[PDB]
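Here's a solo chain for you in structure tokens, the form deposited in one PDB entry.
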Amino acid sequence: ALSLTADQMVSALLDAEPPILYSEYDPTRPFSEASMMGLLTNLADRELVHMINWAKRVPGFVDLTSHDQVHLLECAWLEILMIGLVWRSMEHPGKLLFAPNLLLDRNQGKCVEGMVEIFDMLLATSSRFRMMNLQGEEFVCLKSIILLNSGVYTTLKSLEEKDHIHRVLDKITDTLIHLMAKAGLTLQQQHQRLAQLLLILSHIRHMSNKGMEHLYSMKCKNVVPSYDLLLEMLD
């Protein structure tokens, strides 16, 4: 019973949208590698709690095994963080709206070694959605595709589960086209926009893998005392 009308599916996915969280950003003290990463980490960890709540209201998702729901989130979480980040940043050219009181330009990216690479990509993806005129109904469908699609490629039970996920992606495809039909695009423009949107999910998968490679290099590069750390122990 995730086989509901296209208008029901959009309504369901709009409802499930998590809140737009606030940072505890301190505007008086300037940034540092340690402090900016600390800020963004706290934010991201808060968003992860709200994303699990969301995941449970996405039609089809709850129907799966727990092991499978865990697996799809483990595989999708940074993708969903990033499409979310990019969606909020549409109204603010050249900048990423990490939170309504936390708006970073490309140059503030450089405050973290090799973070600019991922910023430029997120900024580019933002620019793209803007020029596309991505609608919020389209946005929520993409978020759900990313959750269901990104874990699915990794017994009778496991087969019926893959098949259930594929049935739901079909429903969401149907919904996306319904939105495009309703918005008055020709059939050609419908298939072409559906294609342009799904091709972007591939750039978002790439942005994620790069981001993930970056986050790991930051954990690795603290098998070693910091300046901030060694400072206090004398002081």
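Position 1 is the first residue in the sequence shown; the rest follow in order. Rigid core here is just the name for the largest C-alpha set that superposes within 1.5 Å across the two forms.
Only in words, not in the display: the form deposited in another entry, which the text now covers.
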By the 2 angstroms cut-off, has the C-alpha of residue 184 moved between this form and the one not shown once the rigid core is superposed?
no
For residue 7, does the CA position differ by 2 Å or more between this form and the one not shown when the superposition is done on the rigid core?
no
Core-aligned, is the CA shift for residue 29 between this form and the one not shown 2 angstroms or more?
yes
What happens to the Cα distance from residue 115 to residue 226 in the other entry: does it get closer or farther than here, with a change of 3 angstroms or more?
farther
Assert for residue 109-residue 229 (C-alpha, 3 Å or more) in the other entry vs reference form: pair farther
